[PDB]
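Listed next as structure tokens is one chain, alone, in the form deposited in one PDB entry.
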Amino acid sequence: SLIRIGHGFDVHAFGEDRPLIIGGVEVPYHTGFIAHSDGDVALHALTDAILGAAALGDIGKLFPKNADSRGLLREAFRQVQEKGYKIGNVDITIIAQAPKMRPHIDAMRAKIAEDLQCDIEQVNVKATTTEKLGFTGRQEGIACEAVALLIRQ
């Protein structure tokens, strides 16, 4: 096509890591959901949005490591380009029961702009809350939604 739209959604449940001594041996004990990523909800959702607009499925097909989400994002963009697309613009909506992120937003945009090889003017990020409601409101984790518009370069 000449223009494609994609959508992404992701959640990160909060988990904790604590050291324990079992059988005289120091071992790591993980509490909460077992993550297989850095939990970067904004990049995971954004990554699913771009792959989806190009009909490439989802983040779960980028490498048949995963600890780094910018690596996954680049790999997705690499593949999107292979199909002839470049970024039109993307918009990300972080859903968290948190306040101060604006100082960090622009930094996020730049990083995303860098990995998608586009201007920062094509990347928007925002954060909003659920006003103490739901799992994000009770602070059990965070979520993120993202939309992307692809164009033929």
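Each form is matched to the other, and the largest set of C-alpha atoms that superpose within 1.5 Å is called the rigid core. Just count from 1 along the sequence shown to find any residue number.
The modelled chain breaks between residue 64 and residue 65, where 4 to 9 residues of the deposited sequence lack coordinates.
Remark: stretch with higher mean C-alpha B factor among 20-28 and 7-15 is 20-28. The PDB entry reports B-factors from which the mean C-alpha value can be compared for 99-107 and 44-52; the larger average falls on 99-107. Among all modelled residues in its chain, residue 90 ranks in the lowest third by Cα B-factor. When the modelled residues of the chain are ordered by their C-alpha B factor, residue 128 lands in the lowest third. The entry lists a Cα temperature factor for residue 150 that places it in the middle third of the chain's modelled residues. Ranked against the other modelled residues of its chain, the C-alpha B-factor of residue 39 as given in the entry falls in the lowest third.
Although it is not shown, the form deposited in another entry is what the next lines describe.
Core-superposed comparison between the shown form and the other one: CA of residue 27 displaced by 2 Å or more.
A displacement of 2 angstroms or greater separates the C-alpha positions of residue 18 between the shown form and the other one, with the rigid core held in common. An increase of at least 3 Å in the separation of the C-alpha atoms of residue 141 and residue 34 is found in that other deposited form, compared with the displayed form. In that other deposited form, the CA atoms of residue 44 and residue 36 sit closer together than in the displayed form, by at least 3 angstroms.
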